[PDB]
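K.L.:
Protein chains in written order, with the numbering used here: chain X, -3 to 7; chain B, 92 to 1055. For each residue, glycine too, the CB sits at the ideal point set by N, CA and C.
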Amino acid sequence: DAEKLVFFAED
Amino acid sequence: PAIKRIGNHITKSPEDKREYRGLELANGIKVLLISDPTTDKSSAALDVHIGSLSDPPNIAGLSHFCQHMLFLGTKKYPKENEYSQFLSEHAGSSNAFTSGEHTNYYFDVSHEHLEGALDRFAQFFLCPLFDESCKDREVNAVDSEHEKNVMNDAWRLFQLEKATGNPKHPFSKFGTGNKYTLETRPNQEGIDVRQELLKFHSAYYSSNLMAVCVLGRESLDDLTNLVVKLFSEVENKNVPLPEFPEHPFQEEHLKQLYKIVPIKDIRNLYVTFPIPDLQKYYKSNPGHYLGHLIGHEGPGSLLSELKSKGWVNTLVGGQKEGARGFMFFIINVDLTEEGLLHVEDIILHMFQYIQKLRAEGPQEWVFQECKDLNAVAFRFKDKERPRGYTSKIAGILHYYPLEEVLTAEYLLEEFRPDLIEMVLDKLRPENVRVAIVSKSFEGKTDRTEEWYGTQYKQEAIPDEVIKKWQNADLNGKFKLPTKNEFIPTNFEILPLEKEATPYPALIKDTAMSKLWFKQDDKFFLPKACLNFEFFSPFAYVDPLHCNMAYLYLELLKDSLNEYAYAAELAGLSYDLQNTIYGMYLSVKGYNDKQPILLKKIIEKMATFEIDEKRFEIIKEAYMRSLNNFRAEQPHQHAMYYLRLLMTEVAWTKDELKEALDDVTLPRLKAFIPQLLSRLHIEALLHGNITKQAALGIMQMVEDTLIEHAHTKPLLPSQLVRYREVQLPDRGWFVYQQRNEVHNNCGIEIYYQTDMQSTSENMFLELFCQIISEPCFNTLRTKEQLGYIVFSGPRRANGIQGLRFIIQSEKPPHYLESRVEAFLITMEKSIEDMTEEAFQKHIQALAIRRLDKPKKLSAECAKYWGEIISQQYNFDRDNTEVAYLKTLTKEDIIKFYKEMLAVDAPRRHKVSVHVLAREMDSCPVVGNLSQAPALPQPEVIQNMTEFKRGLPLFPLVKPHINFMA
């Protein structure tokens, strides 16, 4: 089919 | 005055009742105000158009580190956890993320406390403290965050692509950061990180690079005054927006081949083409037009042929974001054993399809079909959850005019064949990059990526290969998609029936099936949810049958894929998977054509004819999938083991792959008829649909199975549910294992309470609400045990309890002592908290539990949960919250003293310790709060033995729901 983030906390 | 301009009409969907007002403050901040007088939770988000791409070359991860620090204190609110504590006490939540060009912060909270939350929030951008002590502690959280990504294949590839482009281009930067880049190296270089954090915040956190979105019950005028009062004070540094016109991939980076060794046993091919930034052409999205075609999975598609040749199973194609100034166009596929040997051929086929597009030229009807579909989707768009909505809007306010923010990424406008040809002209062999991921390259690589350690090799693709790809001609098997026949046309909302019910009603109750029905009475959108649970003891009777149930359904979806893709594009979706009790089927989306797809699915599962080739490929992929679980994170292994330990019957990954090698085609074929011969169906049909229509759908499912599968009813005594093991009073068991991939430990602590009930449920939930925030602030923020620190209730098989999950470099027994110390700290904390504070928590939980679903599928999921668990307590929330408000501080203390305290008479504790790769052994017991002395635990050496030596809880009794 049709078609990276760093967070403060893993939710 | 403090406002530079107020937006004209914000174009929204006609079905959208929320009110919008866009504005731009004098300081340059772009704002979108949203008034929703019905919302239970209000929310705000601020997106700063600066990210890791702007990290100083000598301090990788600075912007991400800045993001973490903004949560730990501001001049106006020094308390390092004032923000999180405030939100917790008012039913709120918060998070934030950092990308290459954005740092997005957001929160939600009880609609009554929007102002208090927003005030504390605005200080992040006015007077951050960046406290020295917090800095030295939080750097561990960042390091731990990177640590868990080190052995993650997706992250490894992500950084590898950056490391293989121009080294001078900021695209090459490591954005996560770690203890080395944020502390060790800086100290050695004589750099003061605290200063740098401040310098960075001061230089880039400028109002001209900020966008905010606020949603609350207040009127737009009141929200306008609130936002102005809190954000007009942000300073404008008139910072220029970072631009990256030169593409990270220059000539010397093209026509390159990369051979990479993965952690998991995966086989993938990644084809990449450098392309200009297409963001300004969003009105026509030429890149998405090509992604739609190249990534299409219908008959005649590139995927269809690659799958027919037995070379690949899945494919993703289309444009990929880069940053202002550059983008990429990709075509990624997984590989079969044979596909791995035919990479050159696969790519040739890729270019043959591309050549086919060039020959036919841009297709306007295709564009038009999507435009019209997007128009329908935007019009009947489900109402979003506030938090995610504000965060998303804050981000796109940077790319579109105020009036167009809601429609910009949904509606298509003009067909631009010239732009399409222009992008298509970039998809050529001379400008391709190829990467192959496979264990077969182990020991054959000569390079190492510094940040993740990724093993790989780089080679220039031979000119003769490039030349054969350039000569790609037309392949008769490649055709443009045909007109989508699943496009919905009937959107009428049937009038609410006179006997409509607020909750699902049992309208059919036979041995063959139990049907729950509810006509949507809140959302009024032309959509419906059809949920079916098919019960059969042969889906999980033993490892072999579990394997066959999975394989069967996987083969069915694979055969329906071409057909179903079109439906999916037309907003008609379905999920089909095996369960421990049988099969689960869910059809969602526009109600118009759901009957056609549903009938096709049932007809197919009952007349299914297995393709031997597909069977072997899927079996081989499933084998690796089971094996690949070894590469999952420690805390995941911990959760996995606890599940196996606490459930009556549960087949392990090892048992499944052992039994797999004996699943043969003949065996699978014999399995299906047996599986369908006897079943019981419990369904939930919820949406824009009538009682009589519901009965019609159910009958059609029954008739189809009976006709093709000769299905007969199952015996009620056969409808067995699994029980949870019942732990003994004052008992403590420890199961220990090791994770062979990650060099970090994991642990889950489970304090089993008792069977689920109104009183027990709220005792547990209130306690969790109370310790939630303090748990994170203590074990992570203060003690920095790890990035992952979690606490909360655990519900399974009608039983429940308190659980803690932690991933850390520290050994499990130490982790255990810390959780135990914290429990005592919470003890004193609760005894010392004021009735005032206590009542805040009760109210916080009350709001959390009463927050109502904003879309159909969310309401359905709640009802489904009651049906699946067989508790059928549809008015649960009102009941439990009413009871909750009755609870007193003393009740909680008693509950804790009888069930959770270390010397509690009814303490039921099980701990799962997962050791780090580099740990050969480890014991199970051993200015910080004092940890209490713990008993000697009984070590579990065999899961079967463990369960057998304990009794099993009974099953929860159903909440009788009278109906025909």
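Could you pull out every residue in the same chain whose Cβ sits closer than 6 Å to the Cβ of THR363/B, ignoring the five residues on either side in sequence?
P.N.:
Excluding sequence neighbours, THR363/B sits near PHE419, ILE421, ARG524.
K.L.:
Note down, in chain order, every chain X residue with its Cβ under 9 Å from the Cβ of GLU723/B.
P.N.:
Within chain X, no residue comes near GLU723/B; the closest Cβ sits about 14 Å away, beyond 9 Å.
K.L.:
Does any residue of chain X bring its CB to less than 8 Å from the CB of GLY386/B?
P.N.:
Judged by the 8 Å Cβ criterion, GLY386/B is in contact with chain X.
K.L.:
Sort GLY883/B, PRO219/B, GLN546/B by Cα distance to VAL352/B and report the nearest one.
P.N.:
When only C-alpha atoms are compared, the closest one is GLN546/B.
K.L.:
Figure out for me which residue from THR979/B, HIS932/B, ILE445/B, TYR372/B has the closest Cα to the Cα of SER179/B.
P.N.:
Per the Cα distances, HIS932/B.
K.L.:
Look up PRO219/B in the DSSP assignment and give the residues it is bridged to.
P.N.:
Looking at the DSSP assignment, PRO219/B forms a beta bridge with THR165/B.
K.L.:
Starting from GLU911/B, find everything on chain X with Cβ-Cβ shorter than 7 Å and list it in chain order.
P.N.:
Chain X residues near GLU911/B: none, gap ~23 Å exceeds 7 Å.
K.L.:
Going by alpha carbons, who is nearest to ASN669/B out of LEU663/B, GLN341/B, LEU642/B?
P.N.:
The shortest C-alpha separation from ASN669/B is found at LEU642/B.
K.L.:
Identify the contact partners of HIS159/B in chain X, using a Cβ-Cβ distance below 8 Å as the criterion.
P.N.:
Those within 8 Å of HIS159/B in chain X are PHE4.
K.L.:
Measuring only the C-alpha atoms, how far is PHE614/B from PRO128/B?
P.N.:
For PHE614/B and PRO128/B, the distance between alpha carbons rounds to 16 Å.
K.L.:
Let me make sure I understand the geometry here. Which of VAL1047/B, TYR905/B, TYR197/B, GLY113/B has the alpha-carbon closest to that of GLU495/B?
P.N.:
Nearest C-alpha to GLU495/B: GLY113/B.
K.L.:
Quick one: complete alpha helix (DSSP H) runs, 4+ long, within the segment 843 to 902 of chain B?
P.N.:
Listed in chain order, they are 849 to 867.
K.L.:
Compute the Euclidean distance between the alpha carbons of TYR905/B and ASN231/B, then round it to the nearest angstrom.
P.N.:
Approximately 17 Å, taken between the alpha carbons.
K.L.:
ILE921/B by DSSP, collapsed to three states: which one?
P.N.:
In this structure, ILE921/B counts as helix in the three-state DSSP scheme.
K.L.:
Look at the alpha carbon of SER677/B and the alpha carbon of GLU229/B, and state the distance between them as a whole number of angstroms.
P.N.:
About 43 Å.
K.L.:
Just to check my reading of the structure: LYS132/B and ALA182/B have Cβ atoms closer than 8 Å, yes? What is that Cβ distance to the nearest angstrom?
P.N.:
About 7 Å separates the two Cβ atoms, so the contact holds.
K.L.:
Is the Cβ-Cβ distance between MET846/B and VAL1047/B less than 8 Å?
P.N.:
Yes; because the gap between Cβ atoms is below 8 Å, this pair is in contact.
K.L.:
Decide if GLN279/B is buried, meaning its Cβ has at least 16 other Cβ atoms within 10 Å, or exposed.
P.N.:
Classification for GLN279/B: exposed.
K.L.:
Please list the terminal residues of the continuous beta strand (DSSP E) segment that includes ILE772/B.
P.N.:
Per DSSP, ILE772/B belongs to the beta strand (DSSP E) from 769 to 778.
K.L.:
Below 8 Å between beta carbons: does that hold for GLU723/B and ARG415/B?
P.N.:
For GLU723/B and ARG415/B, no; Cβs fall outside 8 Å.
K.L.:
Going by alpha carbons, who is nearest to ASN522/B out of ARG998/B, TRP560/B, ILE511/B?
P.N.:
Minimum Cα distance to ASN522/B is reached at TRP560/B.
K.L.:
Can you find a C-beta in chain X that's less than 8 Å from the C-beta of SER190/B?
P.N.:
By this cut-off, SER190/B is an interface position.
K.L.:
Let me see if you follow: with CB-CB separation under 8 Å, is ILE879/B close to chain X or not?
P.N.:
At least one chain X Cβ lies under 8 Å of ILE879/B.
K.L.:
Below 8 Å on C-beta distance, what does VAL407/B contact in chain X?
P.N.:
Simply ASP(-3), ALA(-2), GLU(-1).
K.L.:
Would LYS530/B and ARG538/B qualify as a contact pair, given that the criterion is a beta-carbon distance under 8 Å?
P.N.:
Contact flag unset, no.
K.L.:
How big is the Cα-Cα spacing for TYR681/B and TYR380/B?
P.N.:
So the two alpha carbons sit approximately 24 Å from each other.
K.L.:
Counting only the same chain and skipping the five closest in sequence on each side, list residues whose C-beta sits under 6 Å from that of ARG769/B.
P.N.:
Excluding positions up to five away in sequence, the list reads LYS803, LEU805.
K.L.:
Run through DSSP, which three-state label would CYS1013/B get?
P.N.:
Correct three-state label for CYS1013/B: coil.
K.L.:
Between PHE249/B and chain X, is any beta-carbon pair separated by less than 8 Å?
P.N.:
It does; some Cβ of chain X falls within 8 Å.
K.L.:
Determine the DSSP secondary structure at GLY382/B, reduced to helix, strand or coil.
P.N.:
Note: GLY382/B maps to helix in three-state DSSP.
K.L.:
Using a Cβ cut-off of 7 Å, which residues of the segment 407 to 421 of chain B contact any Cβ in chain X, in chain order?
P.N.:
Those would be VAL407, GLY408, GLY409, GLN410, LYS411, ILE421, in chain order.
K.L.:
Just checking: is the beta-carbon of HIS433/B within a distance shorter than 8 Å of some beta-carbon in chain X?
P.N.:
Chain X, which has no Cβ nearer than 8 Å to the Cβ of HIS433/B, makes this no.
K.L.:
What residue range does the alpha helix (DSSP H) around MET674/B cover?
P.N.:
Unbroken run through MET674/B is the beta strand (DSSP E), 673 to 681; no alpha helix (DSSP H).
K.L.:
Against chain X, which members of the segment 550 to 567 of chain B pass a CB distance test of less than 8 Å?
P.N.:
Residues passing the 8 Å Cβ filter: none.
K.L.:
Using only alpha-carbon positions, find the residue among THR165/B, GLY207/B, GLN158/B that is nearest to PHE177/B.
P.N.:
Ranking the options by Cα distance to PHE177/B, first place goes to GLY207/B.
K.L.:
Taking the beta carbon of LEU733/B as the centre, do at least 16 other beta carbons fall within 10 Å, making it buried, or is it exposed?
P.N.:
Buried is the call here.
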